[PDB]
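Enquirer: how would this look folded up:
(3 chains, ligands or ions: 1)
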Amino acid sequence: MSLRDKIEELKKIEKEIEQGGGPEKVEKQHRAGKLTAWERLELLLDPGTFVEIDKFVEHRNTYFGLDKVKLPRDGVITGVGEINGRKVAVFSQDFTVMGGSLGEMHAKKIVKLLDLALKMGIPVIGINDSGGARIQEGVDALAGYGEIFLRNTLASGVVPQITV
Amino acid sequence: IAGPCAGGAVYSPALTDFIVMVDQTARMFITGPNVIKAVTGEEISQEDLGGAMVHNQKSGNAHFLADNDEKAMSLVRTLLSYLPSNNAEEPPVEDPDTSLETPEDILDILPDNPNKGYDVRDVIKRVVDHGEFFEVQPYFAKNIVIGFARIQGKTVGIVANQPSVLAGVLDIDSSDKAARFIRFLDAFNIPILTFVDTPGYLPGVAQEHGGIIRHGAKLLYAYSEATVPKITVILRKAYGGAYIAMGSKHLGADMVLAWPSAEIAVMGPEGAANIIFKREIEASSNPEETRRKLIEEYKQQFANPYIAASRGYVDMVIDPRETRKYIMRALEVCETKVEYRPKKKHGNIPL
Amino acid sequence: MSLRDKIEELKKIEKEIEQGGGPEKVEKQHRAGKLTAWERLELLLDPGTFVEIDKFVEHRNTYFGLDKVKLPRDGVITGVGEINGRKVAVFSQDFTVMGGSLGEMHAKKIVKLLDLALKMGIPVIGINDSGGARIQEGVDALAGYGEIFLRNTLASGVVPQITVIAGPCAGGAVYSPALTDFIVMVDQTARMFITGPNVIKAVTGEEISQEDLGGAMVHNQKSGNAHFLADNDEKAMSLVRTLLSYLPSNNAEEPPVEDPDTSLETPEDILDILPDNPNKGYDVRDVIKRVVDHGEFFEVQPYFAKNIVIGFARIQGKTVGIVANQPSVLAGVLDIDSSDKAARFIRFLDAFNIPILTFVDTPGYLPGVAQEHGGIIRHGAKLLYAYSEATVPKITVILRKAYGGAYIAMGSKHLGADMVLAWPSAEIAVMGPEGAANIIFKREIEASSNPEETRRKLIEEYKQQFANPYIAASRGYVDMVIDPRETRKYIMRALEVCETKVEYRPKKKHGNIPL
Ligand SMILES: [Mg+2]
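Expert: Residues are numbered from 1 along each chain as shown, chains lettered A, B, ... in the order given. The relevant structure is shown in the block below.
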């Protein structure tokens, strides 16, 4: 309703997105000896320096029951932070959301982040943790990968690219 | 302009970036009152034809009104303080504000009632260094606000809808005003900070017959062409072509933030819902109940800022109290933004 | 099942797409006096040269019943064809598919087409025929328009962009046209407006028809938005082909050379155009046509600011742009509207490497409070900027009057003209000779027993002694005072030399032209 009611609603929506694939999937990540997508960033970056973008992105493909589910961040955290006072573009795949599978929107977020790293002249860090293509999205997932590969090639010898 | 400025004299000032005019003593016109009277019959004083207020308020020719020569000299010194010497230099860094916090009372500026306005300068000043805003062309096309300010000591230019004047619409004069300013900022390497709250273009036969099409396109061209950093904050309404024009992601903004009060829609929610549900409204056993149900529902489900955030058109929906901090950090990253344009002698902007 | 079975299937899928919105929507289109999107391309492009792309594109948004319909081509045909043997990118909106509304995929098709034109260095022809945003698709529709405008802006002054308005063009749809170089509007069937009459009526109480608000003639005559008025879709297609024949494919080419007139002569009757009475007007196009190849003049914006004339011609087969004061309309004064018309045309010419040929006969600027209050300073300054900035060859011929600021603005030597010629009828002065004598001789005239007689003699002596073309020629401002019958020869010879003209400009992202 009011501006402060809408701020409280915004906070609800963000907490939900920040669950990832939920407490049970998160617990399983930890049992496997693995940190979550957000815990990794929290260790990688200078404290308090990370700005997320595209947190509210949602998938568009409806196939095979995708129209009945919400997929937080579409499985990937993208943003810019600092490492020892220098700007770095980072992405961190969230395995808790459909095995960290790469949907169309997931790919588009990484493409956007790579485009941005190149344009701003900052290193990119990719943290990979993914079963592969979200199979349900069909050829859009391959389009997604291809565009990423294209961005990696243009950035090659321009900004350093590190993968984990 | 610190005195008369008549005939061919006027064109040099028009070809410079900014014109300061001194209140009672400055006058500028191509043709004087005697010749106008001899040709048209119109009786007018030099002040009313081309005084400093006329050019600041009506003609759109001048950017500042100084009360006297002293004030005009200081005004010039202050304007230069925001600018580089040339286009190969970064603008200067002055008196940095490195605090991150936006005050709590930023939450009390927008009215509860969406039909009411507010002064957008109350938002600007709660986001920029030290609350300092140096307004350009304040008397002309007041439905849009433009000027200089600083973020962490570095010059930014501001473009903002003014919802307290003509509902914050865009029109012929506001397009001209903002478009030229944007092009100046771009040329001299200054970031562009845009604040959005607009329901669309001013309707009117005179707007259409006056060329709202070619004039409005100048603002699209200006943002699109610009390679400086472009950060945009949607405060409230952003409908139709006006959403696109006001530093949208689609014209190459680097970051788009939306307050939770933002309302992004293809047209006015009322007009959209009337078209889309045209049939259901006409087949209901009470149209105005269903039409009002559907309009509220359209606003809630379709016009909220999360639809555009879900597509990545809005990078983040944010607490208004985070606004200064997002801008500061975006601008730290964007200090090294390099963007290329096709090789051309120049473009063909609409005129 | 088999490959040939799959070919038969493919052909069926294609035939269904080619129906557009269906037989009844096509009948309706034709009843409105409009051709289909495909019939238009057929006339526009050389026979059998069109290659369509993205024919099989389908919309993705499912809102408001959109998941229960097929929309062929998503309402737009895109591809590449030839016009007179040269490659051109084309799009053609299909009004029979949801009123030619712009969806997400429709827009992406057009974006892809513009990206391609730019990359390949070829012109773009947009045929618009659209109710506006597909509102059922919401912010994606707006995203679409936005990306189109960005592509138009990037392409601006790199490849020629021509828009034909051949039906409705409402809302944000209007801005892509505005960002293109030239707009052809079809009489009666074309309409363009941001806001429609019903919204205007609801908000301002003004009652107006669509034709009176945004018809082809309105935009040609009142608003200054459009450059040509075609009767017909057929006529609009032939107009586009003729226009392109003047233009290069892109900004890295010299313009095309076509059917050279190699004669040097200017007919004797060029001496009979300017009246004996210097207060009488004439049609400047009678001078233009006795100087350019074959007498052929292709006029741009002929209904708007008719006190100035612009268009394309050829000299020895090579494209030139014409800018000329029109003494038969508002005594050939400069004003807001003429300044806009000429300045934008000149910037186009310069961007695409076309010489500028100026014909000067102007007493100055239009006096009036509305001119001052409407910004004649900033608008007038656009013309000065446009000439000053131009690095293409600039040839200026002064036929008669050239007074004050307008002398300067009309391609003067001081703004970088490569050659300035004056007829013996030329009258170059710092302002109108009456106003100048009134200032210079203020004391003699006021002192006199008969101020009007005294004033009258001084004006005559001033015109004779100070305003003749030989004063400016004595300083080298006018390169030559010429016999009017020598005009064509001078222009040809100068243009031959100026083919290799190289001029630099300071490095900048761009300038800050007044708007
Ligand atoms: Mg104007």
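Enquirer: who are the contact partners of residue A:4?
Expert: residue B:107 (CB atoms under 8 Å, 6 or more residues apart in numbering or on different chains). The way it works is simple: take the backbone N, C-alpha and C, and place the C-beta from them, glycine included.
Enquirer: next: residue A:81.
Expert: So residue A:81 contacts A:41, A:44-46, A:49-51, A:87-88, A:90 (CB under 8 Å, 6+ apart).
Enquirer: looking at this, it is in a strand?
Expert: Yes - judged by DSSP: H, G, I helix; E, B strand; the rest coil, residue A:81 forms part of a strand.
Enquirer: what pairs with it across the strands?
Expert: residue A:88 (DSSP bridges).
Enquirer: quick check: it vs chain C, distance?
Expert: 28 Å (CB to the nearest CB, to the nearest Å).
Enquirer: do you know how far that residue is from residue B:295?
Expert: Distance from residue A:81 to residue B:295, counting by CB to CB, to the nearest Å: 42 Å.
Enquirer: endpoints of stretch A:131-141, how far apart?
Expert: This stretch, stretch A:131-141, spans 13 Å end to end (CA to CA, to the nearest Å).
Enquirer: need the residues of chain A near chain B, please.
Expert: By CB under 8 Å from any CB of the partner chain, the residues of chain A that approach chain B are A:2-4, A:6-7, A:9-10, A:13, A:51-58, A:80, A:87, A:105, A:108-109, A:112, A:116, A:119-122.
Enquirer: got the contact list for the most centrally placed residue in chain A?
Expert: Nearest to the mean C-alpha position of chain A, counting by CA atoms, centre = their mean, stands residue A:76 at 1.8 Å. Counting by CB under 8 Å, 6+ apart, residue A:76 touches A:37, A:91-94, A:100, A:106, A:109-110.
Enquirer: tell me where chain A has helices.
Expert: A:3-18, A:23-31, A:37-44, A:104-120, A:139-155 (DSSP state H).
Enquirer: what's the most buried one of the ones you listed?
Expert: The highest mean neighbour count among the helices of chain A, using mean count of other CB atoms under 10 Å in any protein chain shown, belongs to helix A:104-120: a mean of 22.
Enquirer: what packs against that one?
Expert: Contacts defined by 3 or more CB pairs under 8 Å, 6 or more residues apart in numbering or on different chains; DSSP states H and E place helix A:104-120 against strand A:76-83, strand A:86-93, strand A:124-127, helix A:139-155.
Enquirer: centre of the chain to the last one, how far?
Expert: It stands for helix A:139-155. With CA atoms, centre = their mean, to the nearest Å as the basis, helix A:139-155 stands 15 Å off its chain's centre.
Enquirer: packing partners for that helix?
Expert: helix A:104-120.
Enquirer: got the angle between the helix it packs on and strand A:76-83?
Expert: 20 degrees (axes from the mean of the first three to the mean of the last three CA atoms, to 10 degrees).
Enquirer: report the angle between helix A:104-120 and strand A:86-93.
Expert: Using the same axes, to 10 degrees: helix A:104-120 against strand A:86-93 is 170 degrees.
Enquirer: got the CA positions of helix A:104-120 in PDB?
Expert: Extracted as PDB, the C-alpha positions of helix A:104-120 are listed here (Å, rounded to 0.1, in the frame of the first residue of the first chain):
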ATOM      1  CA  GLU A 104      18.100 -18.900 -21.000                       C
ATOM      2  CA  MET A 105      17.800 -16.100 -18.300                       C
ATOM      3  CA  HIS A 106      20.700 -17.600 -16.300                       C
ATOM      4  CA  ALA A 107      22.800 -17.400 -19.500                       C
ATOM      5  CA  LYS A 108      21.600 -13.900 -20.200                       C
ATOM      6  CA  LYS A 109      22.700 -12.700 -16.800                       C
ATOM      7  CA  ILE A 110      26.200 -14.100 -17.300                       C
ATOM      8  CA  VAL A 111      26.400 -12.600 -20.800                       C
ATOM      9  CA  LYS A 112      25.300  -9.300 -19.400                       C
ATOM     10  CA  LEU A 113      28.000  -9.500 -16.700                       C
ATOM     11  CA  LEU A 114      30.800 -10.400 -19.200                       C
ATOM     12  CA  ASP A 115      29.700  -7.600 -21.500                       C
ATOM     13  CA  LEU A 116      30.000  -5.300 -18.600                       C
ATOM     14  CA  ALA A 117      33.400  -6.500 -17.400                       C
ATOM     15  CA  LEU A 118      34.800  -6.000 -20.900                       C
ATOM     16  CA  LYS A 119      33.300  -2.500 -21.300                       C
ATOM     17  CA  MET A 120      34.500  -1.400 -17.800                       C
END
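Enquirer: how much does that helix deviate in direction from helix A:139-155?
Expert: Using the same axes, to 10 degrees: helix A:104-120 against helix A:139-155 is 10 degrees.
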